[PDB]
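Heads up, the sequence shown is in the deposited numbering, so the first residue is 8 and it goes up one at a time.
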Amino acid sequence: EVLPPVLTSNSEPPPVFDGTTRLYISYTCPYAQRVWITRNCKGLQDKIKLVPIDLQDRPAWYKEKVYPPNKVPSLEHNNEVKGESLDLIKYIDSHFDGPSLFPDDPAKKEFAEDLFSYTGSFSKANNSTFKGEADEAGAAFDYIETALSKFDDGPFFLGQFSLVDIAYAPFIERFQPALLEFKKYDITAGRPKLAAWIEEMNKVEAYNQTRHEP
Ligand SMILES: N[C@@H](CCC(=O)N[C@@H](CS)C(=O)NCC(=O)O)C(=O)O
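Laid out in structure tokens, this is it:
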């Protein structure tokens with residue numbers, strides 16, 4: 008796959024609502040990365056076109072013609088532009104071909120909703136730590152470690168790979184090296200299920216490719 012160029016304030020607008028599916032992203036936004044990973048994991052590279060924008064020098068046509076809330080990601084599909092990364096990974100999973108990324112088992116679904124609900128707290132805990140407000144990252148990763156012990160039919164949050172792993176991957180990807188650098192803190196220390204989860208995620212090529220750049 009060829010990753011397309013970043014569009015700036017000086018870029019001409021793409022067709023909007025011409026029938027092509029477009030995923031508007033920033034190459035470094037973790038929320039957008041969630042959706043990009045979902046696209047790749049479902050083999051949708053030829054179905055969903057990436058439209059990367061520069062958030063520091065962004066095209067006015069984005070807010071004006073594509074997505075008024077003026078954030079990434081947003082998904083243009085079937086004459087609607089929709090936002091919210093968690094909504095979007097669920098939407099793509101259920102409206103496009105490719106392997107299903109969400110289990111049918113009601114108990115796994117229920118646990119998944121607990122974990123989706125926890126994403127805000129997870130980010131807040133880590134950010135609190137980086138900002139020196141409270142050392143909450145350890146407790147947050149303890150929660151993750153415990154969650155990984157719930158289902159023993161695979162190494163991922165719901166046992167087998169799912170949208171839940173995808174939701175967390177961009178954030179763990181960023182928090183891990185930052186905690187090591189800024190707080191001299193290794194999240195894998197004492198957290199074997201988490202260490203295994205990171206190793207297994209890193210074997211997923213569809214995810215690794217979202218760490219790529221033009
Ligand atoms: N709740 C949104 C968050 C999206 C978001 O905060 N994106 C940021 C980049 S990390 C953004 O587009 N910032 C640009 C701005 O606020 O103007 C989601 O889950 O998709």
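No residue lacks a Cβ here, since even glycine has one placed at the ideal position from N, Cα and C.
Residue i versus residue j - alpha carbon distance
| i | j | result |
| --- | --- | --- |
| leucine 170 | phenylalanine 109 | 6 Å |
| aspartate 149 | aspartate 172 | 16 Å |
| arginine 65 | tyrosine 34 | 13 Å |
| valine 58 | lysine 116 | 31 Å |
| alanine 203 | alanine 132 | 22 Å |
| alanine 144 | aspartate 25 | 45 Å |
| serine 101 | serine 107 | 8 Å |
Nearest residue (CA-CA) to residue i, options the options
| i | options | result |
| --- | --- | --- |
| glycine 105 | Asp159, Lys116, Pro113, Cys48 | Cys48 |
| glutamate 87 | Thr126, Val42, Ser101, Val23 | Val23 |
| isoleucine 96 | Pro20, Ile44, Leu155, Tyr125 | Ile44 |
| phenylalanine 178 | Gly90, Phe158, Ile151 | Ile151 |
| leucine 51 | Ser92, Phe103, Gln63, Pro37 | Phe103 |
| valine 42 | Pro80, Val211, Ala213 | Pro80 |
| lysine 200 | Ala174, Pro221, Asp112, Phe158 | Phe158 |
| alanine 174 | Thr15, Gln167, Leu122, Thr195 | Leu122 |
| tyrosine 38 | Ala67, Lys72, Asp94, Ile55 | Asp94 |
| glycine 166 | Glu220, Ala119, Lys70 | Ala119 |
Bridge-paired residues (DSSP) for residue i
| i | result |
| --- | --- |
| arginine 41 | Per DSSP, none; premise fails for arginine 41. |
| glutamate 83 | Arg29, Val88 |
| residue 6 | Beyond the ends of the chain as shown, which are 8 and 221, falls residue 6; an answer cannot be given. |
| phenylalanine 163 | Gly166 |
| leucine 95 | None, per the DSSP bridge assignment. |
| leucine 14 | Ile60 |
Reduced DSSP category for residue i - H, G, I as helix; E, B as strand; rest coil
| i | result |
| --- | --- |
| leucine 170 | helix |
| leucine 187 | helix |
| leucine 51 | coil |
| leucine 122 | helix |
| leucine 201 | helix |
Buried versus exposed, by CB contacts within 10 Å (16 or more), residue i
| i | result |
| --- | --- |
| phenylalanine 137 | exposed |
| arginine 218 | exposed |
| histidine 84 | buried |
| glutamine 40 | buried |
| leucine 155 | buried |
| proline 11 | exposed |
| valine 73 | buried |
| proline 76 | exposed |
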